[PDB]
């Protein structure tokens, strides 16, 4: 839910302040979206190990982890190796026993995505849609009709 | 490199066995040297400022950068960065019948940023033309606005 | 003397100019040792 | 095509020029002897 | 949720709709217009690339057999065949350039035995470069393959 | 190398300072490196001449 | 002539080529919907399906995922062309496929859709192109920085030996602000905690708990039907509990008024920045254009700083000029042979240049090492007309 | 703890950079041990307590 300004100085800034003291490092950029999703990239010197370079950055974020909204803490915080480029992009459809573009997004993410994102050092798997989740569509009229809130 | 990681990926296991004031306080794991080298003093001559105005501007411009650039072990700050300071009065609290617990709760309510979804939400109704993010409460800016906490 | 000097790569042109030079410089030393061991032998062994 | 067009071009003008006409012969003439 | 004065049981079904739907309805995938969902694997900074995408099918090979009715796989945007072809087009030239030098060797050296030494010389020199570049860390890169042929 | 890059990062902070805010350099290691090199390389040349 | 065949020969890094695979991104105007952008992706997917059957084998459209980032404005489509044997012409090659494609979208649409060969190179290093950045060094706001960005972009186009400059992706759409009067809240008897988590759970949803679903643990979310959170008049529908056991309208304590805040706030190197993707002039090249760009950012207001073949080569061949002469006296000691082979250098190179300048080739990495080999062979031939004759 | 030693309550914004918010007390009401009596606390029955 968080708008672009909220994430920019409640998750983004808090890390950026507590994102220092790392061996080899050119710069860091940031992107504080209105979807409520920040992503900070740090480019290092060429030839530097991606193994240790990752650990140093994520063993410093961890110090700013308790300085974060509690909704953000239980949300997905990830530190991985970037490549701004896909290679295998395996589409999955249905023909016979037909299912929606959500039934498939769930089954893909509840069978293969868990495995693929681990097998042979895969950097960052993308999911085209989303996994299922017990969804509830609250009604405001019915809540006041019984005297209630979310 | 690895000697640091092993020590701080073990502290992390005792992180939830710590006072909650300590958790949000600065927990750091870095490389020691019990010895400085460059110690760059910063003063003022023309547009004069105190030994606190300078400690803030040093820590809100350079310290964030220097402590990261070229694997700097541990930057020291001679003074401290600014912070919205409040000097409670005991006579005035009892004169209105109050405690510091009522003041702490007042800032943990009015001084905060909240996630307010968006018009044309994630799943909309097929037919909507608009999609814009909602704004909620804002983290206070000035000393004047911290004075008007009800 | 023209390959390996230029094989001192730099920047994003790292393994770019490097790999090309060394691949052919290794190939040159291997071609020379073959031209000092095999080609000489094979030739003496059986050319005519 | 980016490799070969560059090499092909040079090899035509490397030999057909060197072995014949232009230096690779005029050299030793005015390098070994010329003045010393 | 509640039980109003006259013991009338208020359930969460009465106040709102409840369906098992997407966790995130922001993105939606349409393979050739038809509804669908896939996986967009990106590389891990300093990964083996082709070796990774070969093991993408290894893990994904054992998911295939337990798919429900209709659930089939399809392959858009794929890197694999560009690797397979550039190897096959460069190794194609290697063999051409050998056959062609064998003709130039026969037209000058009418001796059939004499047009063999150079034809059997460079086969060994190339294999040496594969033994040398493996010993220095390099692989069969697009670059080191032109390095063979050049 | 670290303290040389301390000035590299700090070089681009200098230009956007407010009125009066200037830098000064106490307790510094840099010139002891610069001098011990220059005194040893000085001997190298002496010992050659001699 | 050799010099002139070499100075005027343009310098690219590495040639972009057909990969049997390209793509194309989407970008709708400010505050567009998932419904609006989905209409655009449909026209794009089908330009490939009906007017490109001989080329395209399979499309894979995606609504709400651009390579800028995310949002109901953005989009993309992953093309997967038919194999190279069934694509005979140069018209059937990615070069020409992304030519009439990019043209088609510009004509029969009202937003922005392009197309591009996937840089067979890396993301970075395009040649005759830059990535500028516009930092706010002082304590200026985001709105003051945006004005300096409109002044930098303005001056470049005011007098471009040109340039081609644009912003990165800060459209700056409006936002529905809600000011809650804290005074009214306490008077009617409502907690501020309750008011916030009603607005956050209703419009934006909320991660409440986890549950089990056929083995795998998934999430539990609570939000609201779309029809009670589409426009700003639906805020009044939500009533909150009050101390004195009764409901309270949102409008009671609420205030509604629109604003202008950006939907993405870039922050380059700990400070608020805005990215400026411009290319070098069609006449000039990178280093010329970048040098004629730092002088334009230095004409902006106070508290507004900035940050960004090979120059490598000049020194590379410099060591080639030394090791040659020393290896040319390691077996050819005289000071006659060390200068003999020094002439075959431009004998071969004049021709290498000439072939690349004739056809559409450029000075890329392949030609740069195809030049090294041209000099290597050149030495061989010449040294044979020396080692023998000596 | 909040009176004599202060307390990290929340964060706030100050010219871009997020900083801290602290609550303690003027020095003059926490210098010696006789100033402990100045602080009165709320009690269940809506009244202060020394």
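No Cβ is skipped: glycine too gets one built from the backbone with ideal geometry, and neighbour counts run over all protein chains shown. Bear in mind that the values in this text are calculations on the coordinates, not laboratory data.
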- Checking residue C:2 against (1) farther than 16 Å from residue G:323 by Cβ; (2) more than 9 Å from chain E (Cβ to nearest Cβ); (3) surrounded by 15 or more Cβ atoms within 10 Å (Cβ to Cβ), which single condition isn't satisfied? (1)
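Residue F:18: within 25 Å of residue B:58 (Cβ to Cβ), more than 16 Å from the chain's Cα centre (by Cα) and within 7 Å of another protein chain (Cβ to nearest Cβ), yes or no?
Details: within 25 Å of residue B:58 (Cβ to Cβ): yes; more than 16 Å from the chain's Cα centre (by Cα): yes; within 7 Å of another protein chain (Cβ to nearest Cβ): yes.
Here the answer is yes, as residue F:18 does meet what is asked.
Conditions (1) buried (at least 20 other Cβ atoms within 10 Å of the Cβ); (2) more than 7 Å from chain E (Cβ to nearest Cβ), marked per residue:
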| position | (1), (2) |
| --- | --- |
| A:54 | no, yes |
| A:58 | no, yes |
| A:68 | no, yes |
| A:78 | no, yes |
| A:90 | yes, no |
| A:119 | no, no |
| A:126 | no, no |
| A:130 | yes, no |
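Okay, residues lined up against (1) part of a loop (DSSP other than H, G, I, E, B); (2) out of contact with any helix residue (DSSP H, G or I) (no Cβ under 7 Å at 6 or more places or on another chain); (3) within 14 Å of chain D (Cβ to nearest Cβ):
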site: G:10; (1), (2), (3): yes, yes, yes
site: G:14; (1), (2), (3): yes, no, yes
site: G:26; (1), (2), (3): no, no, no
site: G:31; (1), (2), (3): yes, yes, no
site: G:35; (1), (2), (3): no, yes, no
site: G:40; (1), (2), (3): no, yes, no
site: G:45; (1), (2), (3): no, yes, no
- Please work out which one of (1) in a helix (DSSP H, G or I); (2) facing another protein chain (nearest Cβ under 7 Å) is the condition residue E:65 fails and give its number. (2)
- Query: When the residues of the stretch E:95-126 are filtered to those that are within 10 Å of another protein chain (Cβ to nearest Cβ) and out of contact with any helix residue (DSSP H, G or I) (no Cβ under 9 Å at 6 or more places or on another chain), which remaining residue is surrounded by the most Cβ atoms within 10 Å (Cβ to Cβ)?
  - Reply: E:109
- Note on the structure: Within the stretch A:38-52, restricting to residues that are touching a strand residue (DSSP E or B) at 6+ places or on another chain (Cβ under 8 Å) and buried (at least 17 other Cβ atoms within 10 Å of the Cβ), the one that is nearest to residue A:2 (Cα to Cα) is A:38
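Looking at the stretch G:277-367, what helices (runs of 4 or more DSSP H) fall wholly within it and have at least 2 residues that are within 7 Å of another protein chain (Cβ to nearest Cβ)?
Numbers: elements: G:286-297, G:312-327, G:337-340, G:344-358.
So the answer is G:312-327, G:337-340, G:344-358.
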- Message: Take residue B:115 and tell me if it is touching a helix residue (DSSP H, G or I) at 6+ places or on another chain (Cβ under 7 Å), outside any loop (DSSP other than H, G, I, E, B) and surrounded by 18 or more Cβ atoms within 10 Å (Cβ to Cβ).
- Response: no
- Could you tell me whether the stretch B:99-112 includes any residue that is more than 14 Å from chain A (Cβ to nearest Cβ) and either under 21 Å from residue A:12 (Cα atoms) or assigned to a loop (DSSP other than H, G, I, E, B) (or both)? yes
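In the stretch A:22-37, which residue that is crowded, with 21+ Cβ neighbours inside 10 Å and more than 10 Å from chain G (Cβ to nearest Cβ) is farthest from residue G:262 (Cα to Cα)? Step through it out loud before you land on a result.
Step one: of the stretch A:22-37, the residues crowded, with 21+ Cβ neighbours inside 10 Å are A:22, A:25, A:30-36.
Filter once more, keeping what is more than 10 Å from chain G (Cβ to nearest Cβ): A:22, A:25.
Values: A:22: 31, A:25: 29 Å.
Only one residue tops the list, namely A:22.
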- From the set of residues in the stretch G:58-77 that are more than 7 Å from every other protein chain (Cβ to nearest Cβ) and not in a loop (DSSP other than H, G, I, E, B), which is farthest from residue G:37 (Cα to Cα)? G:77
- Message: Take the residues in the stretch A:16-61 that are part of a strand (DSSP E or B) and touching a helix residue (DSSP H, G or I) at 6+ places or on another chain (Cβ under 8 Å); name whichever of them is nearest to residue B:131 (Cα to Cα).
- Response: A:33
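Out of E:103, E:107, E:94, E:60, I need the residue that is under 26 Å from residue C:17 (Cβ atoms) and in a helix (DSSP H, G or I). Which one?
Values: E:103 fails: under 26 Å from residue C:17 (Cβ atoms); E:107 fails: under 26 Å from residue C:17 (Cβ atoms); E:60 fails: under 26 Å from residue C:17 (Cβ atoms).
Sole residue among the options that is under 26 Å from residue C:17 (Cβ atoms) and in a helix (DSSP H, G or I): E:94.
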- Item | residue G:190, sole failed condition from (1) within 14 Å of chain A (Cβ to nearest Cβ); (2) assigned to a helix (DSSP H, G or I); (3) in contact with a helix residue (DSSP H, G or I) (Cβ under 8 Å, 6 or more places away or on another chain); (4) buried (at least 16 other Cβ atoms within 10 Å of the Cβ) | (2)
- Note on the structure: Counted residues in the stretch B:25-68 being closer than 22 Å to residue H:11 by Cα and surrounded by fewer than 17 Cβ atoms within 10 Å (Cβ to Cβ) come to 5
- Task: Say whether the condition of being within 12 Å of chain A (Cβ to nearest Cβ), in contact with a strand residue (DSSP E or B) (Cβ under 8 Å, 6 or more places away or on another chain), under 30 Å from residue G:140 (Cα atoms) and surrounded by fewer than 19 Cβ atoms within 10 Å (Cβ to Cβ) is met by at least one residue in the stretch G:242-259.
- Result: yes
- Matching option when the condition is at negative phi and out of contact with any helix residue (DSSP H, G or I) (no Cβ under 9 Å at 6 or more places or on another chain), among G:273, G:315: G:315
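So that you can scan it fast, the table gives a plain yes or no per residue for (1) in contact with a helix residue (DSSP H, G or I) (Cβ under 6 Å, 6 or more places away or on another chain); (2) closer than 30 Å to residue G:71 by Cα; (3) facing another protein chain (nearest Cβ under 9 Å):
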position	(1), (2), (3)
G:186	no, no, yes
G:198	no, yes, yes
G:201	no, yes, yes
G:207	no, yes, yes
G:222	yes, yes, yes
G:234	yes, yes, yes
- Task: Of the conditions (1) within 13 Å of another protein chain (Cβ to nearest Cβ); (2) over 24 Å from the mean Cα position of the chain (by Cα); (3) closer than 24 Å to residue A:93 by Cβ, residue G:80 clears all except one; give me its number.
- Result: (2)
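How about the stretch B:2-24: which of its residues are surrounded by 13 or more Cβ atoms within 10 Å (Cβ to Cβ) and more than 24 Å from the chain's Cα centre (by Cα)?
Applying the first criterion (surrounded by 13 or more Cβ atoms within 10 Å (Cβ to Cβ)) to the stretch B:2-24 yields B:4-5, B:8-9, B:11-12, B:15, B:18, B:23-24.
B:4, B:5, B:9, listed by residue number.
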- Query: Hey, does the stretch A:2-11 have a residue that's more than 10 Å from chain G (Cβ to nearest Cβ) and outside any helix (DSSP H, G or I)?
  - Reply: no
